[PDB]
Amino acid sequence: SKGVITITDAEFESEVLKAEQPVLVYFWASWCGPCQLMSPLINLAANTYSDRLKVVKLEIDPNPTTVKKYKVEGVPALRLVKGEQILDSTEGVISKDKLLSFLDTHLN
C-alpha cells in the first residue's frame, strides 16, 4: 500500500471487502473538475498511511454496482470502510488537513 490502486466492480469484493486493513475508497469521474484537485491528495494519504491503510479508487461511469452500493450521488466522494462497515464518508474537495484528521480519528 505505498500508493493508490484503481479497481473495478469485478475486483471490489477481493480488494476491499476482504482486505485485512481499513480501506479509503475514492470515487471520481473524468468529467469531474474538482476531482483533479483531490487525486494528488489521495495519493499523498496513501503514501502517508502506507502501513495502516489501503487506498483504492473507482471511476463512477464503468462501475454501476459499487456506486449504487455506497450511494455515491456526486463526485468527488470518499468512503472509509472496514469490510461491510462504513466508518465515515465525505463529499467534495477537502483540505489536506481535513483529510488527515478524517483519517486520524478512525485509524487510532
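Cβ sites come from the backbone with ideal geometry, for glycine too, and all protein chains shown count toward neighbours. Read the figures in this text as sums done on the coordinates, not as results from a lab.
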Subject >> Spacing of the two label points (7 Å from each Cα toward its C-beta) at residue 43 and residue 93, in nm >> reply: 1.6
Original post:
Measuring from label point to label point, each 7 Å out along Cα→Cβ, what is the residue 82 to residue 61 span in nm?
Top reply: 3.6
Original post:
Out of 8, 66, 56, whose Cα points farthest toward the positive end of the dipole of the stretch 1-66 (charges: +1 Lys, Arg; -1 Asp, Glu; placed on Cβ)?
Top reply: 56
**OP:** In whole Å, largest first, what are the principal axis extents of the Cα atoms in the stretch 2-56?
**Re:** 32, 27, 12
Original post:
In nm, to one decimal, how far is the residue 36 label point from the residue 52 one, both placed 7 Å along Cα→Cβ?
Top reply: 3.4
Subject >> Reciprocal of mean inverse Cα separation for the chain (Kirkwood radius, Å) >> reply: 13.7
Subject >> Relative contact order computed over the chain (Cα-Cα under 8 Å; 6+ residues apart), in percent >> reply: 36
**OP:** Determine the dipole magnitude for the chain: charges of +1 sit on the beta-carbon of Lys and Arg, -1 on that of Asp and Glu, nothing else is charged, the reference point is the Cα centre, and the result goes in debye to the nearest 20.
**Re:** 160
